[PDB]
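Structure record follows, encoded as structure tokens.
So, in structure tokens, the structure goes:
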């Protein structure tokens, strides 16, 4: 644990949180990891436990052991929770992908959203209702949901989520929304504008922000561009930067800090060895679970 909590410092600027991720393994693999989470971060996103493959492996058969643990740990330690994720083409069970009947897929989709959301009703700050639904060019990804149901799946998912838990902020999440003017950013903005105009309950846009070294300085503009979609809020949801330079990290923190709609930042992991791209040392804590230069830099910028 770092003496100075970047979450505390970020919240002091009117932000809701500066969080990270977790699940049973990383929360129990050693003493430092859960200690760091408790001391320096104010929000948690389940790394894999709430995804479709991990929650409904078989049609109508739910497995909530992992997700229960993450939610219980967060709730037991005053951490906000971002449910992740309800509808996604990746980490989706084969039984869902093979459905060809529209009404059947809608029934399945609504049951999945309802059961998962109902179980944690009232305990979730935000839900990534839809994840990665756009192609790089800004058009809609031809996932089973889009292919079988059509664009109406967007409305269906958000409306179902809203009716199940009106206390949660409903988000549409995606990656590569990292520079103003990028085709995917333009596509995200145009579609959300249309959906909001149609009355679809989209409260926020989540920008994953999985960056390479030197890409931190372009994020401010990306968030500004995303602000034009018209959602009440936006958030950096899965931050990690190859190399973890102080310049990159501080640029990204400032990007959120100076944008009124940005409620917070979730860093995708605590320490480097637990990163999905561990070889690029993209996190704030190192192999010994000790604060890296970037962590202290973020603290000093707040």
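Numbering (the deposited numbering), first residue to last: 1 to 302. Beta carbons: idealized from backbone N, C-alpha and C, even for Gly.
Around the Cβ of residue 57, are there at least 16 other Cβ atoms within 10 angstroms (buried) or fewer (exposed)? Position 57 of the chain shown, counted from the start, is the residue given in the question as residue 57. Counting Cβ neighbours within 10 Å, residue 57 comes out exposed, since fewer than 16 surround it.
Roughly how many whole angstroms lie between the Cα atoms of residue 188 and residue 287? As a working note, residue 188 is residue 188 in the chain shown. As a working note, residue 287 is residue 287 in the chain shown. Whole-angstrom Cα-Cα distance: 36 Å.
At 4 residues or longer, what runs of the alpha helix (DSSP H) sit wholly inside the region 143-204? 144-148, 152-164, 183-197
Counting only runs that start and end within the region 205-263, where is the alpha helix (DSSP H) found for 4 or more residues in a row? 219-227, 246-257
Beta strand (DSSP E) segments (min. 3 residues) lying fully within the region 14-98: 17-22, 43-46, 80-87
Under 7 Å Cβ to Cβ from residue 115, same chain only, skipping five residues before and after it: list those, please. Counted from its first residue, the chain shown places residue 115 at position 115. Around residue 115: 62.
Could you tell me which of 149, 256, 280 sits nearest to residue 13, measuring between CA atoms? As a working note, residue 13 is residue 13 in the chain shown. The option with the nearest alpha carbon to residue 13 is 256.
Under the rule that 16 or more other beta-carbon atoms within 10 Å means buried, what is residue 303, buried or exposed? The structure shown does not extend to residue 303, since the chain spans only 1 to 302, so no value can be given for it.
Apart from the five residues on each side of it in sequence, which residues of its chain come closer than 7 Å, Cβ to Cβ, to residue 140? Numbered from its first residue, the chain shown carries residue 140 at position 140. Same-chain partners within the cutoff: 133, 134, 146, 151.
C-alpha distance - residue 277 paired with residue 177, whole-angstrom precision: Position 277 of the chain shown, counted from the first residue, corresponds to residue 277. Position 177 of the chain shown, counted from the first residue, corresponds to residue 177. If I take the Cα positions, the gap works out to 19 Å.
Which word fits residue 121, buried or exposed, when buried means at least 16 other C-beta atoms lie within 10 angstroms of its C-beta? Walking along the chain shown from the start, residue 121 turns up at place 121. So residue 121 counts as exposed.
Would you call the region 219-234 and the region 245-255 touching, i.e. three or more CB-CB distances under 8 Å? yes
Classify residue 279: buried if its beta carbon has 16 or more other beta carbons within 10 angstroms, exposed otherwise. Along the chain shown, read from residue 1 onward, the residue named residue 279 stands at position 279. The residue in question, residue 279, is exposed, as its Cβ has fewer than 16 Cβ neighbours within 10 Å.
On the DSSP letters alone, give me the boundaries of the alpha helix (DSSP H) that residue 130 sits inside. Your numbering for residue 130 matches position 130 in the chain shown. Note, residue 130: premise wrong, no alpha helix (DSSP H); beta strand (DSSP E) at 126-131.
How would you label residue 79, buried or exposed, when you count the other beta carbons within 10 angstroms and need 16 or more for buried? As a working mapping, residue 79 is identified with position 79 in the chain shown. Counting Cβ neighbours within 10 Å, residue 79 comes out buried, since at least 16 surround it.
Rounded to whole angstroms, what's the CA-CA distance from residue 137 to residue 175? Just pull it up for me. Along the chain shown, read from residue 1 onward, the residue named residue 137 stands at position 137. Along the chain shown, read from residue 1 onward, the residue named residue 175 stands at position 175. Near 12 Å, if we compare the C-alpha coordinates of residue 175 and residue 137.
Considering only their Cβ atoms, is the gap separating residue 248 from residue 213 smaller than 8 Å? For the purposes of this step, residue 213 is taken as residue 213 along the chain shown, with counting starting at 1. For the purposes of this step, residue 248 is taken as residue 248 along the chain shown, with counting starting at 1. For residue 213 and residue 248, yes; Cβs fall inside 8 Å.
What residue range is occupied by the uninterrupted alpha helix (DSSP H) comprising residue 109? In the chain shown, counting from the first residue as 1, residue 109 sits at position 109. Unbroken alpha helix (DSSP H) run through residue 109: 102-119.
Could you tell me the boundaries of the alpha helix (DSSP H) in which residue 11 lies? On the chain shown, residue 11 is found 11 positions in, with the first residue counted as 1. First-last of the alpha helix (DSSP H) with residue 11: 6-11.
Bridge partners - residue 140, DSSP secondary structure assignment: The sequence position of residue 140 within the chain shown is 140, counting from 1. Per DSSP, 134.
Can you name the start and end residues of the alpha helix (DSSP H) that residue 271 belongs to? Counting from one through the chain shown, the residue named residue 271 turns up at place 271. Premise fails: residue 271 is in no alpha helix (DSSP H) and is neither H nor E.
Comparing alpha-carbon positions, which option in 299, 127, 148, 85 lies nearest residue 107? As a position in the chain shown, residue 107 is number 107, starting the count at 1. Here the closest residue by C-alpha is 148.
Starting from the Cα of residue 183, find the closest Cα among 206, 226, 217, 68 and give me that residue. For the purposes of this step, residue 183 is taken as the residue at position 183 of the chain shown. If we check each option's Cα against that of residue 183, 226 comes out closest.
Can you give the beta carbon distance from residue 237 to residue 207, rounded, assuming they're within the 8 Å contact cut? Counting from 1 along the chain shown, the entry for residue 237 is found at position 237. Counting from 1 along the chain shown, the entry for residue 207 is found at position 207. Residue 237 to residue 207, Cβ: 7 Å. Contact.
Using a 10 Å radius around the Cβ and a threshold of 16 neighbouring Cβ atoms, would you call residue 282 buried or exposed? Residue 282 sits at position 282 when you count from the first residue of the chain shown. It counts as buried.
Could you please give the first and the last residue of the uninterrupted alpha helix (DSSP H) stretch that includes residue 300? As a first step, residue 300 must be located in the chain shown, where it is residue number 300. Unbroken alpha helix (DSSP H) run through residue 300: 293-301.
Taking Cβ to Cβ, would you say residue 1 is nearer than 8 Å to residue 53? Taking the first residue of the chain shown as 1, we reach residue 1 at position 1. Taking the first residue of the chain shown as 1, we reach residue 53 at position 53. Contact flag unset, no.
Any idea if residue 72 is buried or exposed, counting beta-carbon neighbours within 10 angstroms, 16 or more meaning buried? Locating residue 72 in the chain shown gives position 72, counting from the first residue. It counts as exposed.
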